[PDB]
Amino acid sequence: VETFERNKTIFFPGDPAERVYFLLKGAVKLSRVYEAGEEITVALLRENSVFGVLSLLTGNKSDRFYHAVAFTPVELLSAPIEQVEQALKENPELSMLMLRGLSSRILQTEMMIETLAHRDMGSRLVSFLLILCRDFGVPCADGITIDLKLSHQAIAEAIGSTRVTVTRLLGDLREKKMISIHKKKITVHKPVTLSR
Amino acid sequence: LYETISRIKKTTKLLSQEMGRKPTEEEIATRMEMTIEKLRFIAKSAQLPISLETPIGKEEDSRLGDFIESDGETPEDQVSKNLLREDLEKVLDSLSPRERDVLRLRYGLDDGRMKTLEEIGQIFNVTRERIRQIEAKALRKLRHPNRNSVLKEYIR
DNA sequence: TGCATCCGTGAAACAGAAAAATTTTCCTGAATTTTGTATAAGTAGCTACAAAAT
DNA sequence: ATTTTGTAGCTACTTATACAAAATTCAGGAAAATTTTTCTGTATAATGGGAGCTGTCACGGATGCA
C-alpha cells in the first residue's frame, strides 16, 4: 500500500527493486526518464492495479531504464517478486492476472496512441482531454469533467507547449465552449456536443 | 516534584498494602492522577548520576566513561562524506560551469543552502525567466542513469 | 646536635502562593508561485506549388 | 510525367518575454493560555557528630632536645 505525495517519483532507472507493483489508489503516473531530459509520464493508474514491469523485461536483470513518479499522493501496493515469479510460475490465471494488469498499462499506451502525437496541439490536447475526463474525471453538472489541481505546462508535456495550456485552453474555457476552471479546476462540459 | 514523588511513594505503598509490590500503576494512576508514563519518568527523573569514574567493577582496573566517545565522529564517516563533496563536484562540475555556480548558489556545495532564486537570479547576471528552468535542467541533467547513477552508490 | 617522630611516597513539605515561563493561536503578511497574461516578434513550421527524373 | 525537387512563398502558427497579479503558501508573532516553576510559612518545645583506624617509608627533619 506504498505511496508518496503530489510531487514525488517512484524510482529511477538503475534501481533493481523492479517487481510488478499494485497502485492501490491515485494515478502515481510514472515519468519514463530520458538522457538529457523530458520525461513522459506515460503511466497512470487506478485502484488496486499494477505498474513498473521490471523483473520481467531483461529477466530479473532488467534496468528500469525509466525513472518513475509518485504523481499524485500515491497509493500503490506491491508484492514479493515470487508473486510474479514463483506464484506466477504456477497456473496461467496467476500470470494472466498480472498480464491483465499489464494489458491495462498496455491499453493505456493504445489510449495515448493516436490521441498523442496526433498533429495539432489543440485537437490533440482534447483528443485525450475527454479521455482524461474518462479516467480521473469528475462528472458534475456541466458534464463529465476532471477536476485535479494542475499546471499549464505539465500540460506542455501534453504537447511541447509554452503558454497553450493557459492560452488555448482559455478558449475551450470560454471563447470555445468545452470546460471551465475554479482557480485550478477542469469542467469538461461534455463528451462531444459543443466543441465536440 | 520531589514532594509529589515522595507523596506517590507513600500513596503507592498504601496501594502495595492491598496490592503487594503495588504492581498497579495506571490503577495506581486512579490514585496517581497520571499515566505511569510520568510515574516511570519520575523514577528516572529521581536518579542520582554516577561518578564518571567509579572504578569499573569485577575489576578495580579502571574508571567508567572510558568505554565511550565524545560528540565527535569516526573518520570513516568524515571521509565518506568528503568524498561526496568532490565526487559530486566534478560530476556536477562537467555541465554548464556558469549554471554549476547557481547549483552551489541557490543550493549548497559551500555554505548557503540557498540563495533564494530571487536573490540568486540577479546574483549571477540579474534574471527571472532563466532560473528554475536551468535549475530542473541541471537536476534532470545530472539525474537519470550514467549521471545520477554516480551517487546511486554514494547516496551520502 | 644526632636523634625522637614523623609527614605521606613511591611503589526529607506544603500550601499557599504567585510568576513566570511557554506555548498554542494568530496572524499575518509577507513573501513568494503560478499563471495568466499578456506580449512580439519572428517562424519554422506549414501548407501548394512547378517543372523536370521516377 | 510524376515526383521530387523549388522557390519563392505566404499564411497560420507557435514559441519567447516579460509582467503580473494574483495565488498561495509560510513564518513569526503574538498571544494567550497554561503549565511549571518559585516563594513563604509553620507556633507546645526541641540546644554539640561519627568513626575506629590501628602492619612500609623517609626523609628530611627533627625541631627539639635533654
# chains A, B, ... in the order shown; residues from 1 in each chain; ligands from 1
>>> interface_residues(of="chain A", to="chain B", cutoff="9 Å", atoms="only C-alpha atoms", output="PyMOL selection string")
chain A and resi 12-15+33-38+65-67
>>> interface_residues(of="chain D", to="chain A", cutoff="10 Å", atoms="only C-alpha atoms (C1' of nucleotides)", output="ChimeraX atom specification")
/D:14-16,23
>>> interface_residues(of="chain C", to="chain A", cutoff="10 Å", atoms="only C-alpha atoms (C1' of nucleotides)", output="CSV table (one decimal) with C-alpha atoms (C1' of nucleotides), in the first residue's frame")
chain,number,residue,atom,x,y,z
C,34,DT,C1',1.9,30.5,-11.0
C,35,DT,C1',-0.4,31.9,-14.3
C,36,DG,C1',-2.3,34.5,-16.5
C,37,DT,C1',-1.2,37.2,-19.3
C,38,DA,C1',0.0,39.3,-21.8
>>> closest_atom_pairs(of="chain B", to="chain C", cutoff="12 Å", atoms="only C-alpha atoms (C1' of nucleotides)", output="JSON lines")
{"residue": "B:1", "atom": "CA", "partner": "C:13", "partner_atom": "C1'", "distance": 11.2}
{"residue": "B:2", "atom": "CA", "partner": "C:12", "partner_atom": "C1'", "distance": 9.3}
{"residue": "B:3", "atom": "CA", "partner": "C:13", "partner_atom": "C1'", "distance": 6.9}
{"residue": "B:4", "atom": "CA", "partner": "C:13", "partner_atom": "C1'", "distance": 10.1}
{"residue": "B:5", "atom": "CA", "partner": "C:12", "partner_atom": "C1'", "distance": 11.6}
{"residue": "B:6", "atom": "CA", "partner": "C:12", "partner_atom": "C1'", "distance": 8.9}
{"residue": "B:7", "atom": "CA", "partner": "C:13", "partner_atom": "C1'", "distance": 10.0}
{"residue": "B:116", "atom": "CA", "partner": "C:32", "partner_atom": "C1'", "distance": 10.0}
{"residue": "B:117", "atom": "CA", "partner": "C:32", "partner_atom": "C1'", "distance": 10.3}
{"residue": "B:118", "atom": "CA", "partner": "C:32", "partner_atom": "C1'", "distance": 9.0}
{"residue": "B:132", "atom": "CA", "partner": "C:33", "partner_atom": "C1'", "distance": 11.5}
>>> write_last_selection(atoms="C-alpha atoms", output="mmCIF file, in the first residue's frame")
data_model
loop_
_atom_site.group_PDB
_atom_site.id
_atom_site.type_symbol
_atom_site.label_atom_id
_atom_site.label_comp_id
_atom_site.auth_asym_id
_atom_site.auth_seq_id
_atom_site.Cartn_x
_atom_site.Cartn_y
_atom_site.Cartn_z
ATOM 1 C CA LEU B 1 8.171 17.212 42.155
ATOM 2 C CA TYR B 2 10.424 15.858 44.970
ATOM 3 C CA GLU B 3 7.337 16.013 47.255
ATOM 4 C CA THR B 4 4.968 14.620 44.563
ATOM 5 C CA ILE B 5 7.468 11.711 44.158
ATOM 6 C CA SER B 6 7.547 11.091 47.949
ATOM 7 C CA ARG B 7 3.733 11.576 48.128
ATOM 8 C CA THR B 116 16.744 32.307 -2.851
ATOM 9 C CA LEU B 117 16.254 32.131 -6.513
ATOM 10 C CA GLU B 118 15.076 35.633 -6.124
ATOM 11 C CA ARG B 132 14.006 27.256 -12.197
#
>>> interface_residues(of="chain D", to="chain B", cutoff="12 Å", atoms="only C-alpha atoms (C1' of nucleotides)", output="PyMOL selection string")
chain D and resi 16-19+36-37
>>> write_last_selection(atoms="C-alpha atoms (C1' of nucleotides)", output="mmCIF file, in the first residue's frame")
data_model
loop_
_atom_site.group_PDB
_atom_site.id
_atom_site.type_symbol
_atom_site.label_atom_id
_atom_site.label_comp_id
_atom_site.auth_asym_id
_atom_site.auth_seq_id
_atom_site.Cartn_x
_atom_site.Cartn_y
_atom_site.Cartn_z
ATOM 1 C "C1'" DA D 16 9.506 33.616 -26.275
ATOM 2 C "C1'" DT D 17 9.017 37.858 -22.898
ATOM 3 C "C1'" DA D 18 8.214 39.675 -19.747
ATOM 4 C "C1'" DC D 19 4.974 41.030 -16.312
ATOM 5 C "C1'" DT D 36 5.566 24.618 35.792
ATOM 6 C "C1'" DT D 37 8.357 26.685 38.493
#
>>> residues_around(residues="residue 182 of chain A", least_positions_apart="5", cutoff="12 Å", atoms="only C-alpha atoms (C1' of nucleotides)", output="ChimeraX atom specification")
/A:146-150,173,187
>>> decode(residues="segment 27-178 of chain A", atoms="C-alpha atoms", output="short mmCIF file (atom, residue, chain, number, x, y, z; two decimals), in the first residue's frame")
data_model
loop_
_atom_site.label_atom_id
_atom_site.label_comp_id
_atom_site.auth_asym_id
_atom_site.auth_seq_id
_atom_site.Cartn_x
_atom_site.Cartn_y
_atom_site.Cartn_z
CA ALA A 27 -2.61 7.88 -10.50
CA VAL A 28 1.05 7.76 -9.34
CA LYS A 29 1.84 8.49 -13.02
CA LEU A 30 5.30 7.08 -13.96
CA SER A 31 7.64 9.58 -15.70
CA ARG A 32 9.78 7.38 -18.03
CA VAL A 33 13.21 9.15 -17.82
CA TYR A 34 15.43 10.31 -20.74
CA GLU A 35 19.16 11.13 -21.32
CA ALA A 36 19.46 14.96 -21.41
CA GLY A 37 15.79 15.35 -20.21
CA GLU A 38 11.97 15.47 -20.96
CA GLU A 39 10.06 12.68 -19.25
CA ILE A 40 6.86 11.37 -20.46
CA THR A 41 4.87 10.14 -17.87
CA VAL A 42 3.23 7.63 -19.69
CA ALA A 43 1.78 5.54 -16.96
CA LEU A 44 -1.23 6.36 -14.97
CA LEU A 45 -3.37 4.16 -12.79
CA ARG A 46 -6.40 3.17 -10.78
CA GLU A 47 -7.36 1.16 -7.76
CA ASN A 48 -5.51 -1.98 -6.86
CA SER A 49 -3.70 -2.11 -10.04
CA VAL A 50 -0.09 -2.77 -11.04
CA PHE A 51 2.74 -0.87 -12.81
CA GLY A 52 6.54 -1.00 -13.28
CA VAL A 53 7.22 -4.33 -15.05
CA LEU A 54 10.86 -4.80 -14.09
CA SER A 55 11.93 -8.32 -13.11
CA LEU A 56 10.20 -9.16 -16.26
CA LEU A 57 11.87 -7.24 -19.07
CA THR A 58 15.54 -8.34 -19.34
CA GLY A 59 14.70 -11.16 -16.88
CA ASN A 60 15.31 -10.11 -13.24
CA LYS A 61 18.44 -8.28 -14.52
CA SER A 62 16.38 -5.58 -16.29
CA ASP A 63 17.34 -1.95 -15.53
CA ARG A 64 14.13 0.14 -15.25
CA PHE A 65 15.80 2.47 -17.84
CA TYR A 66 12.70 4.58 -16.94
CA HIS A 67 12.57 6.87 -13.84
CA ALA A 68 9.29 6.81 -12.01
CA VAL A 69 6.84 9.15 -10.42
CA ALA A 70 4.78 9.47 -7.30
CA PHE A 71 2.34 11.61 -9.19
CA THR A 72 -0.48 12.47 -7.01
CA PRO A 73 -0.18 11.48 -3.41
CA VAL A 74 0.41 7.96 -4.34
CA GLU A 75 -1.21 4.86 -3.33
CA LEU A 76 0.45 1.74 -4.50
CA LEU A 77 0.84 -1.74 -3.26
CA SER A 78 3.46 -4.27 -4.43
CA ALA A 79 4.29 -7.98 -3.86
CA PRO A 80 7.39 -10.23 -3.40
CA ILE A 81 8.76 -10.89 -6.95
CA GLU A 82 7.75 -14.57 -6.36
CA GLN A 83 4.09 -13.47 -6.81
CA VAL A 84 5.01 -12.60 -10.45
CA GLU A 85 7.87 -15.17 -10.34
CA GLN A 86 7.11 -18.33 -8.29
CA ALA A 87 3.40 -17.63 -7.59
CA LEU A 88 3.22 -16.61 -11.29
CA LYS A 89 5.24 -19.71 -12.35
CA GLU A 90 2.03 -21.61 -11.38
CA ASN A 91 -1.39 -21.67 -13.17
CA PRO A 92 -1.65 -19.22 -16.14
CA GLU A 93 -4.52 -17.30 -14.43
CA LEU A 94 -1.92 -16.21 -11.81
CA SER A 95 0.41 -14.84 -14.53
CA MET A 96 -2.69 -13.85 -16.58
CA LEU A 97 -3.80 -11.66 -13.62
CA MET A 98 -0.51 -9.70 -13.88
CA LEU A 99 -0.80 -9.90 -17.72
CA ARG A 100 -4.36 -8.44 -17.49
CA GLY A 101 -2.98 -5.58 -15.36
CA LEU A 102 -0.06 -5.26 -17.82
CA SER A 103 -2.76 -5.18 -20.56
CA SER A 104 -4.22 -2.21 -18.62
CA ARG A 105 -0.91 -0.27 -18.81
CA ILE A 106 -0.86 -1.57 -22.44
CA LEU A 107 -4.44 -0.37 -23.17
CA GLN A 108 -3.20 2.91 -21.60
CA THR A 109 -0.50 3.11 -24.34
CA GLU A 110 -3.07 2.47 -27.15
CA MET A 111 -5.17 5.25 -25.50
CA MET A 112 -2.20 7.68 -25.70
CA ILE A 113 -1.54 6.28 -29.23
CA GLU A 114 -3.38 8.34 -31.92
CA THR A 115 -4.57 10.90 -29.30
CA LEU A 116 -0.86 11.71 -28.62
CA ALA A 117 1.47 12.85 -31.45
CA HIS A 118 -1.80 13.39 -33.41
CA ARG A 119 -0.78 16.62 -35.28
CA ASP A 120 -2.27 19.87 -33.84
CA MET A 121 -1.51 20.83 -30.19
CA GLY A 122 -5.18 21.81 -29.65
CA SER A 123 -7.11 18.89 -31.19
CA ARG A 124 -4.52 16.51 -29.63
CA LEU A 125 -4.81 18.33 -26.25
CA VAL A 126 -8.56 17.49 -26.48
CA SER A 127 -8.08 14.09 -28.24
CA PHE A 128 -7.11 12.75 -24.76
CA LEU A 129 -8.76 15.58 -22.75
CA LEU A 130 -12.15 13.80 -22.98
CA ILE A 131 -10.12 10.59 -22.43
CA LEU A 132 -8.74 12.19 -19.21
CA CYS A 133 -12.35 13.02 -18.16
CA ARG A 134 -12.90 9.28 -18.64
CA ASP A 135 -10.01 8.41 -16.38
CA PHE A 136 -9.86 10.66 -13.33
CA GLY A 137 -12.72 12.80 -14.47
CA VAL A 138 -15.15 14.31 -12.22
CA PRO A 139 -18.66 14.35 -13.62
CA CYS A 140 -20.65 17.16 -12.24
CA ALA A 141 -23.31 19.37 -13.68
CA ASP A 142 -21.71 20.63 -16.90
CA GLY A 143 -20.72 17.14 -17.62
CA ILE A 144 -18.04 14.73 -17.29
CA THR A 145 -15.19 16.89 -16.19
CA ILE A 146 -11.98 16.05 -14.46
CA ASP A 147 -11.17 18.02 -11.53
CA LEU A 148 -7.43 17.84 -10.47
CA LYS A 149 -5.29 20.66 -9.50
CA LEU A 150 -2.90 21.20 -12.41
CA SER A 151 -0.35 23.14 -14.41
CA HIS A 152 -0.31 24.81 -17.70
CA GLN A 153 2.77 23.04 -18.64
CA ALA A 154 2.64 19.67 -17.21
CA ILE A 155 0.20 20.22 -19.86
CA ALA A 156 3.02 21.25 -22.07
CA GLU A 157 4.18 17.71 -21.72
CA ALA A 158 0.89 17.07 -23.24
CA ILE A 159 2.05 19.00 -26.39
CA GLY A 160 5.56 20.55 -26.05
CA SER A 161 3.70 23.61 -25.02
CA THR A 162 4.71 27.03 -23.56
CA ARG A 163 1.51 29.08 -22.92
CA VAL A 164 -1.01 26.97 -24.97
CA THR A 165 -2.27 25.28 -21.73
CA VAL A 166 -3.06 28.73 -20.16
CA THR A 167 -3.91 30.42 -23.53
CA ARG A 168 -5.56 27.88 -25.92
CA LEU A 169 -7.46 26.09 -23.09
CA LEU A 170 -8.84 29.52 -22.05
CA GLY A 171 -10.56 29.26 -25.45
CA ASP A 172 -12.32 25.99 -24.51
CA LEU A 173 -12.85 27.56 -21.04
CA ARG A 174 -14.96 30.36 -22.62
CA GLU A 175 -14.32 31.63 -26.22
CA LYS A 176 -14.59 27.95 -27.31
CA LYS A 177 -17.23 26.07 -25.28
CA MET A 178 -15.89 22.90 -23.58
#
